[PDB]
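Provided below as structure tokens are two forms of one protein chain, presented individually as structure 1 and structure 2.
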Structure 1
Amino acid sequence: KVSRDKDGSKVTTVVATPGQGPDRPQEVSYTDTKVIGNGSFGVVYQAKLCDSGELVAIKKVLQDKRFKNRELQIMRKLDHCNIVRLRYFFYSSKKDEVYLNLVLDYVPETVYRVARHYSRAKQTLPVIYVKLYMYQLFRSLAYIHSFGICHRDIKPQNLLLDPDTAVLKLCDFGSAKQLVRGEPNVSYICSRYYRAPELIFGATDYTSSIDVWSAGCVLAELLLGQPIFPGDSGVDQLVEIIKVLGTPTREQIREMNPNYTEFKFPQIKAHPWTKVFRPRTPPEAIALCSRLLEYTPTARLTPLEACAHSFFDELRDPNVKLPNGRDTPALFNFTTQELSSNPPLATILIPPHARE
């Protein structure tokens, strides 16, 4: 690194490799560096790029140079406008230790912080924001699932937001992995409340539909004003699930983890979904929640099928505007890659007033 002091302000200069494009490192300078987060894996800083002036996030993470970094491999491959961009990366130094640094988009808000304000004010988030945020999350999932990549930690904190533009960036791919059928996967990924039933059961043969379950939990949380399946333990989470979905059937238990077929379960009958939410809740939203929070993983909607759900129809009306008067983000510029899982769905996703 190189530390200048233009007008006393500390300036860092590093030869950083761009994320996308060809492997051609560049001299990059930034200042105004301050810590804005700490995780189990490292610290995340905020900084100002010394030329463009734009704000960025820098994620410092220790790198044992023995193996490649899985997060870096996935982040360089991804390029989607609902996923936090990897602008650059570089290495630095604690002693005799190498650190990998990821320079990413700075995004000022998160879904968690927006939902908590409304919750503290005893206020419900307007459904237009629920449609906007949910749609962009599912679109980001449809894009990464097309590549076989499972995020595995979908949670409201991980959904960044620009409140002016209403644009959602999915972030933290440190738990993401390309899921190969037949090969086993660690079962202790995903955070509380948003863990799929198969993950609570410790299943190692799970699929990308666990991201769809977590998304259904985030949708239900936005409608309810609080997490739908809370609990400090697996039993507590499972009971809150069983109180809604009813007790799982023998076949459904075999679709998550057969190794849990003979165990004893709380024997509660299915509470009808309409009685789970507030009375003025849109029925199309309740319908979508029911199609994502299904016991059998193969029965859950795909992210692309979710984007085409009737709940998001208001996003396709030509007259839709943001509450603050601006235009909605670009919700229809689907690449054929995004539509890989089902291209015929494009007749619904891309509306007649958005073609050429």
Structure 2
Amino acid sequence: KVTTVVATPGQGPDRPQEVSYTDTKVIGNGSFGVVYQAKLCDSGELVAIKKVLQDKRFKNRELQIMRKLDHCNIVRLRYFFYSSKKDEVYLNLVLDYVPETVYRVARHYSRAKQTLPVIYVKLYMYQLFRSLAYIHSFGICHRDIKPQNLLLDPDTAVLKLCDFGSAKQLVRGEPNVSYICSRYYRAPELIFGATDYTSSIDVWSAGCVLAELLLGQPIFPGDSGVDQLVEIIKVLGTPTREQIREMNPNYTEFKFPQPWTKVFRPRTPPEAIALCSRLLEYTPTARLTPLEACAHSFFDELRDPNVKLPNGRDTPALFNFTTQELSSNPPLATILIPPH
């Protein structure tokens, strides 16, 4: 049937208006609770409702971040409402329903042994670094960059950052947990038990999803944090004593105490391999900033005026830059916004 509730509009002021929707179905689950998909009775727009349980004697870090974020490549928080077993409540996050994720379209290609077109790979990754450079400016680290958290529309080719329950405003001094992120996309510093990491861990996970697109399979598949490090050393090579010191110092076992360059599939664009190399660096500082990655030579086909999607539709919102977005090296604005 239909259901109406009083929700405070996200990002906007505290003016709880009434929202009514129908046709609710579960599109996902998790430890937080469950995410639904409903249809707003007005305009018939399909949304997503994330029912996360929360103790009333606190404040959801996700909700605080989502209300302070507004970017084309980030799923906007439309509204939010509570619908609660004593000192607890269920926080429901109403967001725009993006119809697909990068993992699903990547799996559909992997099920047929076909590489995703580089045009798709270049547009998705660029929209990822654009959302990263946005959230990284405010000092927020997603801490869960994965293809399942990279929503995408098939027609408009618009990608948006999905989850934010693992994100935290990384401040100086404040120690944060190490065992974060998905294993296949976890940075090496987190495996070594570093509590002083920066937002460059999202860049490592960005380099991992890039390789998964140019290879049809996860680049670093392990069953444990230690096993994940063996996959990294097998490809990236043995980290030197400086890089092991650039991250947290710790001793670790291994299957053996043993850097193949030819790892990517044939016909892989060399410009992407150069980008993926600057992203998957042992040293967290050598990793390109999300804005520095946007200005890479691999993202030059999109910066061309005559760029167009396969279905004839023009390039989606590729520019639309803000001063906050360019807080890291504003000089690079001419490469992020060509005269085109």
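Residue 1 is the first residue of structure 1, and the numbers go on in sequence order from there. We call the rigid core the largest set of C-alpha positions that still match within 1.5 Å between the two forms.
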Considering only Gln73, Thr261, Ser119, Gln157, single out the residue whose C-alpha is displaced by at least 2 Å between the two structures after superposing the rigid core. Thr261
Just grab the Cα shift of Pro329 between the two structures for me, core aligned, in angstrom. 0.8
For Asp23, give the CA shift between the two structures in Å, the superposition being done on the rigid core. 1.0
Fitting the two forms on their rigid core, what distance in Å separates the Cα positions of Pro279 between the two structures? 2.0
